[PDB]
Visitor: 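One structure follows; several queries about it will come next.
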Amino acid sequence: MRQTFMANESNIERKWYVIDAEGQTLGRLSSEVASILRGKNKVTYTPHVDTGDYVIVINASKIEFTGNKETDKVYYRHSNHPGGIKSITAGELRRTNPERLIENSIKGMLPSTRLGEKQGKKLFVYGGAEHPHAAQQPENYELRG
Amino acid sequence: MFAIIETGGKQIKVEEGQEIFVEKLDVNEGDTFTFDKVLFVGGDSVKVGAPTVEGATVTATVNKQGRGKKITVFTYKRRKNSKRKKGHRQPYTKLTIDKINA
Amino acid sequence: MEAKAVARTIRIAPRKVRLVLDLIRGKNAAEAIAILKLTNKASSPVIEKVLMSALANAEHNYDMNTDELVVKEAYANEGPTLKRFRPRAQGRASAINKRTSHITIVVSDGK
Amino acid sequence: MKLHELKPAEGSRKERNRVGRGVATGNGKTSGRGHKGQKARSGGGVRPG
Amino acid sequence: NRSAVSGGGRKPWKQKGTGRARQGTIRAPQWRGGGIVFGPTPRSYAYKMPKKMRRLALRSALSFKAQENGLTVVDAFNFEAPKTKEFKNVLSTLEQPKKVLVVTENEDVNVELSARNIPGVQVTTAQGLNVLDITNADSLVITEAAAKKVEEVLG
Amino acid sequence: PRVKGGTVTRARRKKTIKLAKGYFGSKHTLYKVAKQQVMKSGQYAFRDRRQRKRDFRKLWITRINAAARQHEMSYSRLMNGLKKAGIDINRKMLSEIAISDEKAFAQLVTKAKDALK
Amino acid sequence: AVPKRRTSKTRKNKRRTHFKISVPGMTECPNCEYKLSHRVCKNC
RNA sequence: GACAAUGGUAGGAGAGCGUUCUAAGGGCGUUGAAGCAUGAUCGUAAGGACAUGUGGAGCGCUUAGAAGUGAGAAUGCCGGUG
RNA sequence: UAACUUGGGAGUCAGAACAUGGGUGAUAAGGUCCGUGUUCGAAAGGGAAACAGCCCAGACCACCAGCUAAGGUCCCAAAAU
RNA sequence: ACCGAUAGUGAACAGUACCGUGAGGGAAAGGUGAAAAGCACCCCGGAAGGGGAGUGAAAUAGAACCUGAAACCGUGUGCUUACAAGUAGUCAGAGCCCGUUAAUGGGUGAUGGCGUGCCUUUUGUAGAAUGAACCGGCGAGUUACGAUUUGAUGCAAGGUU
Ligand SMILES: [K+]
Ligand SMILES: [Mg+2]
Ligand SMILES: [Mg+2]
Ligand SMILES: [Mg+2]
Ligand SMILES: [Mg+2]
Ligand SMILES: [Mg+2]
Ligand SMILES: [Mg+2]
Ligand SMILES: [Mg+2]
Ligand SMILES: [Mg+2]
Ligand SMILES: [Mg+2]
Ligand SMILES: [Mg+2]
Ligand SMILES: [Mg+2]
Ligand SMILES: [Mg+2]
Ligand SMILES: [Mg+2]
Ligand SMILES: [Mg+2]
Ligand SMILES: [Mg+2]
Ligand SMILES: [Mg+2]
Ligand SMILES: [Mg+2]
Ligand SMILES: [Mg+2]
Ligand SMILES: [Mg+2]
Ligand SMILES: [Mg+2]
Ligand SMILES: [Mg+2]
Ligand SMILES: [Mg+2]
Ligand SMILES: [Mg+2]
Ligand SMILES: [Mg+2]
Ligand SMILES: [Mg+2]
Ligand SMILES: [Mg+2]
Ligand SMILES: [Mg+2]
Ligand SMILES: [Mg+2]
Ligand SMILES: [Mg+2]
Ligand SMILES: [Mg+2]
Ligand SMILES: [Mg+2]
Ligand SMILES: [Mg+2]
Ligand SMILES: [Mg+2]
Ligand SMILES: [Mg+2]
Ligand SMILES: [Mg+2]
Ligand SMILES: [Mg+2]
Ligand SMILES: [Mg+2]
Ligand SMILES: [Mg+2]
Ligand SMILES: [Mg+2]
Ligand SMILES: [Mg+2]
Ligand SMILES: [Mg+2]
Ligand SMILES: [Mg+2]
Ligand SMILES: [Mg+2]
Ligand SMILES: [Mg+2]
Ligand SMILES: [Mg+2]
Ligand SMILES: [Mg+2]
Ligand SMILES: [Mg+2]
Ligand SMILES: [Mg+2]
Ligand SMILES: [Mg+2]
Ligand SMILES: [Mg+2]
Ligand SMILES: [Mg+2]
Ligand SMILES: [Mg+2]
Ligand SMILES: [Zn+2]
């Protein structure tokens with residue numbers, strides 16, 4: 001007989017975490033943050049509802065790469081105009097927009113569904129050691145790595 | 001207090017007074033049925049069977065010997081002029097849990 | 001109560017009638033009369049006559065208020081279609097549908 | 001034996017096979033003829049021998 | 001069939017080029033008002049069986065009447081003039097069911113006339129006995145002479 | 001004799017159309033597309049009755065993984081410990097216990113850890 | 001040149017969303033029922 | 001009771017569902033037949049009931065018999081309507 | 001656990017890929033022609049992103065039970081950061 | 001154990017209407033009610049058409065007249081929908097609205113998984129190969145006489161006309 005618990009908006013409790021990016025590898029931090037955003041760390045995980053938590057990433061400018069990714073990892077985008085292929089290196093992106101660097105890295109590890117877009121909207125990335133969400137009282141979170 | 005019982009090749013979490021639906025048991029409505037395979041007993045005192053809690057029973061009262069909602073099983077293979085339609089109603093026994101006897 | 005009038009087999013296509021009908025649905029009788037009088041569409045005087053007939057039914061047959069009436073319902077159903085043909089080039093004939101409408105108006109005092 | 005209780009002898013009667021009446025019979029569509037060729041045609045087939 | 005329906009000689013339109021389905025006659029079977037494919041054709045349904053089987057069937061019907069207490073033998077029918085009421089009363093006095101077959105040795109005109117109009121009553125001679133008539137009846141009313149003649153002819 | 005087409009055609013088609021209640025547009029209206037969609041629905045439902053068992057086992061495993069990592073353990077090691085401890089509680093029950101009774105689940109984790117060490 | 005597929009009821013009514021007429025611009029006649037704004041009575 | 005088997009095209013074999021008509025038996029119907037419409041009903045399938053509305057005079061059931069006996073496709077035919 | 005014989009009823013005579021032994025071609029072809037095996041044809045399910053013919057494996061029906069195969073276990077996306 | 005208005009005559013009301021120079025080809029079209037009792041009279045309207053009032057068992061039987069399916073066209077609204085990528089369903093599923101042939105009910109459905117119609121023809125078709133605008137009706141292994149085989153039944157060195 002059917003007995004499996006199903007979370008819903010009436011019983012889900014979403015928390016706030018702050019994660020320090022300084023000294024961390026890009027994708028290794030990113031995959032754990034993606035897990036947190038999707039509620040995979042909750043015993044009440046329910047695939048059709050958002051059980052995940054809010055994540056604040058600080059010190060985005062201090063994220064680290066291995067190898068020659070600073071100059072050899074390239075981000076491409078197309079403008080949907082006949083020759084509109086544009087590019088930027090991972091190093092130049094880290095220099096000029098580290099919040100975009102980390103946000104894109106994390107969102108690339110979330111489903112492209114409606115729920116996935118909603119869950120990615122719970123991510124807040126900042127290049128420095130400060131964030132404006134003191135009112136939500138985030139708790140420090142340590143990556144298992 | 002809850003117990004995990006094994007019946008019908010499946011496991012069910014029960015509490016006293018709960019109505020449960022299990023695969024058909026050889027029993028009549030109104031009769032008392034005792035479940036002998038208790039894997040786990042919860043609550044204040046917690047008991048863990050390896051795999052069953054020795055001496056533990058869950059007794060219940062049969063409320064109904066029914067058949068489930070009709071399922072129309074239909075399959076086909078396109079372009080092969082081949083298909084099959086069959087009805088199915090799965091028997092079940094409804095019971096109400098009376099006493100968890102650890 | 002409610003009073004009704006119907007004009008059946010009006011030789012206007014229901015698509016065109018319904019455009020005017022949409023203007024007066026739910027409006028007060030006097031407002032609907034003014035709308036129909038000032039609307040520049042072929043259906044307008046036909047619909048106006050149906051509405052006048054409904055108001056006359058109200059007054060004469062049910063002794064209704066005649067000044068607190070609203071257009072409770074107003075719709076046009078499809079009547080039988082006159083099938084016609086237009087000669088085209090190369091000796092070919094093309095179908096012409098001369099559609100008709102059934103026009104209904106219901107007025108009521110709301111009681 | 002009454003006229004309202006008639007019974008043929010067991011095994012003496014058998015229902016005839018009607019082809020081309022749907023897929024489930026197994027003789028629908030091609031009606032047992034297979035696909036194409038001379039033997040699939042109305043009036044089709046070579047003379048005996 | 002398509003050959004017997006009136007008209008339909010000409011090809012309705014040319015084989016190719018018009019965009020329509022190819023057609024050969026307006027009386028083809030898929031056309032409204034067209035010829036019928038197969039369908040009923042006048043024929044007989046009568047068939048025959050060996051004479052010995054016919055005799056066995058007659059004996060079986062008579063024997064079934066005998067077992068089910070459906071055989072009544074009367075001395076002789078005494079009917080000088082036809083009168084349906086008299087035959088009705090006679091069947092009343094013999095405790096007969098509704099469906100009765102009356103068997104006389106030869107053609108008895110007065111018996112046939114008196115029993116003709118009574119529903120459920122049928123009259124035949126010994127020579128005229130057939131399986132449908134015997135089987136339909138609930139009881140048999142046969143004279144002594146007719147019984148003897150039946151026994152002689154059917155052995 | 002002649003057998004007219006009669007009422008059987010309409011009855012069969014109306015059955016299919018009623019089965020297509022709630023479908024989009026013509027798929028709940030016209031017999032041909034309704035029949036095609038009802039066939040598709042039967043095939044999908046047959047496939048999905050089998051897929052449902054996979055889906056729910058997966059959900060229970062995900063929840064058990066979360067609960068076990070709350071006790072510094074992975075799913076795979078926890079299940080290995082439970083098997084070595086002779087505990088036969090299946091995944092639905094384990095996930096329901098983890099949701100409902102945290103303390104009982106903690107005792108189960110203790111037993112699994114003890115059977116491994 | 002020709003429709004590849006027929007237009008459903010839904011698409012047709014979607015397209016007809018804006019196919020409508022508006023209430024005439026009309027004002028009450030202070031002395032002489034209702035009239036078009038900036039027009040004379042022409043019948044009163 | 002206890003063991004086995006049960007994917008399937010051409011195709012072979014078996015068992016059934018439903019349609020119209022006939023015979024016999026037994027029934028229903030103006031206190032409302034057939035048909036139609038709606039429904040959360042029953043059967044392993046084809047399919048079978050019941051209740052309510054509409055309808056206004058015919059129709060089931062059982063056993064057997066006989067077929068113009070079952071349509072989604074034929075650039076199919078006719079009609080209606082997009 | 002079949003085999004054979006005698007009868008009633010067939011359908012089939014366009015095959016395809018893969019592996020392998022060879023001809024042909026150019027130790028070209030998703031080429032072509034033979035030998036051998038498998039699968040597809042007439043086979044759904046899991047894997048190979050998608051993908052008849054490859055790998056695992058042959059669906060009587062139901063289950064919100066369990067163990068495994070190929071293949072896998074950072075996130076997408078189940079299981080070892 | 002023939003048809004029952006697309007059937008049965010082509011024709012239930014026609015070799016007409018219509019087409020063709022002509023020979024010739026050749027349709028569609030049945031049903032008020034038991035009885036015309038076929039709606040006096042009043043009201044809106046030029047009329048058409050309606051709403052009443054009457055007739056009738058019934059007028060949503062009012063002559064375009066028995067029943068009145070589907071496609072198709074409208075009016076009202078219980079749930080839902082304007083950040084979303086799709087063979088339209090299916091499995092999971094909150095929220096809201098209802099309450100049944102009372103059944104581990106009905107309607108709708110945020111959101112998640114899975115998912116390239118059908119038929120034909122093909123080695124192989126989501127196929128950009130064929131066919132179907134939709135709905136309805138009609139539309140294809142029949143019968144006769146022979147042959148052979150199987151089952152059934154009667155009789156049997158005979159069986160049968
Ligand atoms: K082509
Ligand atoms: Mg000209
Ligand atoms: Mg077959
Ligand atoms: Mg077919
Ligand atoms: Mg062949
Ligand atoms: Mg073919
Ligand atoms: Mg061929
Ligand atoms: Mg021919
Ligand atoms: Mg001819
Ligand atoms: Mg008939
Ligand atoms: Mg038909
Ligand atoms: Mg099989
Ligand atoms: Mg199998
Ligand atoms: Mg066969
Ligand atoms: Mg059969
Ligand atoms: Mg039958
Ligand atoms: Mg009938
Ligand atoms: Mg037929
Ligand atoms: Mg067609
Ligand atoms: Mg059209
Ligand atoms: Mg090669
Ligand atoms: Mg090749
Ligand atoms: Mg080979
Ligand atoms: Mg095989
Ligand atoms: Mg496969
Ligand atoms: Mg597979
Ligand atoms: Mg695959
Ligand atoms: Mg690839
Ligand atoms: Mg796949
Ligand atoms: Mg590949
Ligand atoms: Mg395992
Ligand atoms: Mg995965
Ligand atoms: Mg995982
Ligand atoms: Mg008719
Ligand atoms: Mg005719
Ligand atoms: Mg009138
Ligand atoms: Mg009137
Ligand atoms: Mg009137
Ligand atoms: Mg009237
Ligand atoms: Mg009526
Ligand atoms: Mg009518
Ligand atoms: Mg966006
Ligand atoms: Mg939105
Ligand atoms: Mg899109
Ligand atoms: Mg998908
Ligand atoms: Mg083939
Ligand atoms: Mg080819
Ligand atoms: Mg397609
Ligand atoms: Mg296309
Ligand atoms: Mg072709
Ligand atoms: Mg086409
Ligand atoms: Mg059609
Ligand atoms: Mg033949
Ligand atoms: Zn004025």
Side-chain angles (χ1 to χ4, degrees), chain A residues 1-4 6 8 27-28 30-31 34-35 47-49 109-111 113-115 145, chain B residues 9-11 21 23 71 73 78-80 82 85 87-88 90 94, chain C residues 3-9 14 49 52-53 56-57 60-61 75-78 80, chain D residues 2-7 9 11-12 14 19-22 31-32 34-35, chain E residues 6-7 10 19-21 29-34 36-41 43 50 52-53 56 136, chain F residues 1-8 10 23-24 27 30 32 36-37 40-41 44-45 47-48 51-53 56 58 61-62 74-76 90 92, chain G residues 6:
Chain A
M1 95 198 267
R2 316 199 151 184
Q3 304 196 268
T4 300
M6 302 256 194
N8 56 54
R28 273 163 205 283
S30 291
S31 60
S35 272
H48 56 91
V49 295
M109 317 175 169
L110 293 171
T113 52
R114 293 150 98 123
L115 186 60
Chain B
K10 290 170 280 288
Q11 292 165 26
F21 297 76
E23 303 274 355
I71 290 172
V73 181
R78 66 171 155 205
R79 301 184 291 261
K80 305 313 179 194
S82 164
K85 187 166 162 183
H88 183 91
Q90 180 64 19
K94 181 185 169 161
Chain C
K4 87 179 292 214
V6 190
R8 284 161 83 261
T9 330
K49 278 193 177 200
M52 299 327 278
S53 193
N57 291 342
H60 181 260
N61 298 333
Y75 56 87
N77 288 318
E78 309 184 319
Chain D
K2 302 286 285 152
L3 295 173
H4 48 274
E5 289 170 5
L6 300 175
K7 276 298 157 154
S12 74
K14 177 143 156 218
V19 303
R21 292 300 184 282
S31 308
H35 283 284
Chain E
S6 136
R10 64 173 62 170
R20 306 269 324 243
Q30 79 269 34
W31 286 66
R32 167 185 185 277
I36 311 310
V37 173
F38 304 140
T41 175
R43 51 183 179 121
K52 284 167 178 150
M53 300 183 51
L56 179 62
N136 197 42
Chain F
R2 175 163 188 261
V3 184
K4 270 179 106 273
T7 66
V8 301
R10 179 169 40 228
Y23 295 178
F24 174 82
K27 285 174 189 258
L30 316 177
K32 279 157 202 176
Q36 299 182 198
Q37 197 57 62
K40 259 286 193 179
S41 289
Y44 280 153
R47 168 206 78 173
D48 288 351
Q51 294 195 312
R52 187 206 286 133
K53 299 143 176 63
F56 272 87
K58 173 156 89 116
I61 285 173
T62 305
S74 68
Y75 168 90
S76 50
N90 69 26
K92 193 213 284 206
Chain G
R6 75 188 209 170

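Residue numbering restarts at 1 for every chain, and letters A, B, ... go by the order of the sequence lines. Hydrogens, waters and symmetry mates play no part in the numbers below; they use all other heavy atoms, side chains included.
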Visitor: Listed by chain and number, what are the side chain to side chain contact (heavy atoms under 4.5 Å, CB included) partners of F/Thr7, not counting sequence neighbours?
Guide: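 Testing F/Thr7 for side chain to side chain contact (heavy atoms under 4.5 Å, CB included), a comparison that skips the adjacent residues, returns F/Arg10.
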Visitor: Examine I/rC64: is either OP1 or OP2 under 4.0 Å from a nitrogen or oxygen in the side chain of F/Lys53? Give yes or no.
Guide: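 Answer yes for this pair, as a side-chain N or O of F/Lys53 is under 4.0 Å from OP1 or OP2.
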Visitor: Using OP1 and OP2 only, check whether a side-chain N or O of F/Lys40 sits under 4.0 Å from J/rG117.
Guide: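 It does, given that an N or O in the side chain of F/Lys40 lies less than 4.0 Å from OP1 or OP2 of J/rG117.
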Visitor: Can you sort out the partners of D/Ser31 under side chain to side chain donor-acceptor pair (under 3.5 Å), two or more places apart, ordered by chain and number?
Guide: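 Checked D/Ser31 against side chain to side chain donor-acceptor pair (under 3.5 Å); zero matches.
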Visitor: Report all interatomic pairs (protein N or O, nucleotide N or O of nucleotides 9-16 of chain I) with separations under 3.5 Å.
Guide:
unit_1	atom_1	unit_2	atom_2	d
I/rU12	OP1	D/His35	N	3.0

Visitor: Looking across every strand, which nucleic acid part, if any, lies under 4.0 Å from F/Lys4 by heavy atom: base, sugar-phosphate, or nothing?
Guide: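 It contacts sugar-phosphate atoms only.
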Visitor: Looking only at side-chain N and O atoms, does D/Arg21 come under 4.0 Å of OP1 or OP2 in H/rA71?
Guide: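 Indeed not, no polar side-chain atom of D/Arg21 lies that close.
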Visitor: Does C/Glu78 have any side chain to side chain donor-acceptor pair (under 3.5 Å) partners at least two apart in sequence or in another chain, and if so, which?
Guide: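 Side chain to side chain donor-acceptor pair (under 3.5 Å) list for C/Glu78, sorted by chain: empty.
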Visitor: Can you tell me the base-pairing partner of I/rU32? Count Watson-Crick or G-U wobble geometry only, both distances below 3.5 Å, and say none if there is no partner.
Guide: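 Paired with I/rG23.
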Visitor: Paired with I/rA16 by Watson-Crick or G-U wobble geometry, both distances under 3.5 Å: which nucleotide is it?
Guide: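 Base-paired to I/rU39.
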Visitor: Within the 4.0 Å heavy-atom criterion, would you say C/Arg8 contacts the bases, only the backbone, or no part of the nucleic acid?
Guide: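 Sugar-phosphate contact only - C/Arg8 comes under 4.0 Å of backbone atoms but never of a base.
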Visitor: Which is true for F/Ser41 with a 4.0 Å heavy-atom rule: it touches a base, it touches only sugar-phosphate, or it touches nothing?
Guide: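 Touches sugar-phosphate only.
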Visitor: For nucleotides 51-55 of chain J, give me every protein contact, N/O to N/O, under 3.5 Å, one pair per line with atom names.
Guide:
unit_1	atom_1	unit_2	atom_2	d
J/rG51	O4'	C/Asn57	ND2	3.0
J/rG51	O3'	C/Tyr62	OH	3.3
J/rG51	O2'	C/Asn61	ND2	3.0
J/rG51	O2'	C/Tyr62	OH	2.8
J/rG51	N2	C/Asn61	OD1	3.0
J/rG51	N3	C/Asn61	ND2	2.9
J/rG52	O5'	C/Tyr62	OH	3.0

Visitor: In whole Å, what is the span from the CG atom of E/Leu56 to the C1' atom of J/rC155?
Guide: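 Distance, rounded to whole Å: 10 Å.
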Visitor: Has C/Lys49 got a side-chain N or O lying under 4.0 Å from the OP1 or OP2 atom of J/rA48?
Guide: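 Negative; the distance criterion is not met.
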Visitor: Taking the six-membered ring for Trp, does E/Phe38 stack with J/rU143 (centroid gap under 5.5 Å, planes within less than 30°)?
Guide: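 No, the aromatic ring of E/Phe38 does not stack with the base.
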Visitor: What N/O pairs connect the protein and nucleotides 10-17 of chain J at under 3.5 Å? Give each pair on its own line.
Guide:
unit_1	atom_1	unit_2	atom_2	d
J/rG10	OP1	E/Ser6	N	2.9
J/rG15	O6	E/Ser6	OG	3.2

Visitor: By nearest nucleotide on RNA chain J, pick out whichever of F/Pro1 and F/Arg47 is the more 5' one.
Guide: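 By nearest-heavy-atom nucleotide position, the 5'-most residue is F/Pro1.
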Visitor: Below 3.5 Å between N/O atoms, which protein atoms pair up with nucleotides 69-73 of chain J? Just atom names and distances, please.
Guide:
unit_1	atom_1	unit_2	atom_2	d
J/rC72	OP1	G/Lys9	NZ	3.4
J/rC72	OP2	G/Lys9	NZ	2.9
J/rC72	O5'	G/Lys9	NZ	3.0
J/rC73	OP1	G/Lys12	NZ	2.7
J/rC73	OP2	G/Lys9	NZ	2.8
J/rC73	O4'	C/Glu78	OE2	3.2
J/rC73	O2'	C/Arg18	NH1	3.0
J/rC73	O2'	C/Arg18	NH2	2.8
J/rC73	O2'	C/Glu78	OE2	3.2

Visitor: Under 3.5 Å, is there any donor-acceptor pair linking the side chain of F/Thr7 to the base of H/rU19?
Guide: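 No pair found.
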Visitor: Taking side chain to side chain contact (heavy atoms under 4.5 Å, CB included) as the test, write out the residues that go with C/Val6, two or more places apart.
Guide: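 Only C/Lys4, C/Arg8, C/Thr104 meet the side chain to side chain contact (heavy atoms under 4.5 Å, CB included) criterion with C/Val6.
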Visitor: Less than 4.0 angstrom between a side-chain N/O of B/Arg79 and OP1 or OP2 of J/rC119, yes or no?
Guide: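 No, B/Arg79 has no side-chain N/O under 4.0 Å of OP1/OP2 on J/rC119.
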Visitor: Dot-bracket for RNA chain H, 5' to 3', counting Watson-Crick or G-U wobble pairs under 3.5 Å, with [ ] for crossing pairs and | for inter-strand pairs?
Guide: ................(.(((((((.((......(((((.((....))|)))))...)).)))))))..).....||||||.
Visitor: For nucleotides 42-44 of chain I, print each protein N/O atom paired with a nucleotide N/O atom at under 3.5 Å, atom names and distance only.
Guide:
unit_1	atom_1	unit_2	atom_2	d
I/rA42	OP2	B/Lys80	NZ	3.0

Visitor: Under the convention that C1'-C2'-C3'-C4' above zero is north and below zero is south, what is the pucker of J/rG137?
Guide: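 Of the two classes, J/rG137 takes north, because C1'-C2'-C3'-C4' is positive.
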Visitor: Using a cut-off of less than 4.0 Å, is there contact between a side-chain N or O of F/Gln37 and OP1 or OP2 of J/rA88?
Guide: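 Checking J/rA88 against F/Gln37, a side-chain N or O does come within under 4.0 Å of OP1 or OP2.
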Visitor: Counting only side-chain nitrogens and oxygens, does F/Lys27 get under 4.0 Å of the OP1 or OP2 atom of J/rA88?
Guide: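 The answer is no; no side-chain N or O of F/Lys27 sits under 4.0 Å from OP1 or OP2.
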Visitor: Would you classify C/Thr9 as touching base, sugar-phosphate or nothing, given that sugar-phosphate means primed atoms plus P, OP1 and OP2, and contacts are heavy atoms under 4.0 Å?
Guide: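 Base contact - C/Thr9 has a heavy atom under 4.0 Å of at least one base atom.
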Visitor: Test of understanding: with side chain to side chain donor-acceptor pair (under 3.5 Å), list the residues that count as partners of C/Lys49, not counting sequence neighbours.
Guide: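 Partners of C/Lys49 by the side chain to side chain donor-acceptor pair (under 3.5 Å) criterion come out as none, since no residue qualifies.
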Visitor: Among residues at least two apart in sequence or on other chains, which ones pass side chain to side chain donor-acceptor pair (under 3.5 Å) with E/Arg32?
Guide: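 Result, side chain to side chain donor-acceptor pair (under 3.5 Å) vs E/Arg32: none returned.
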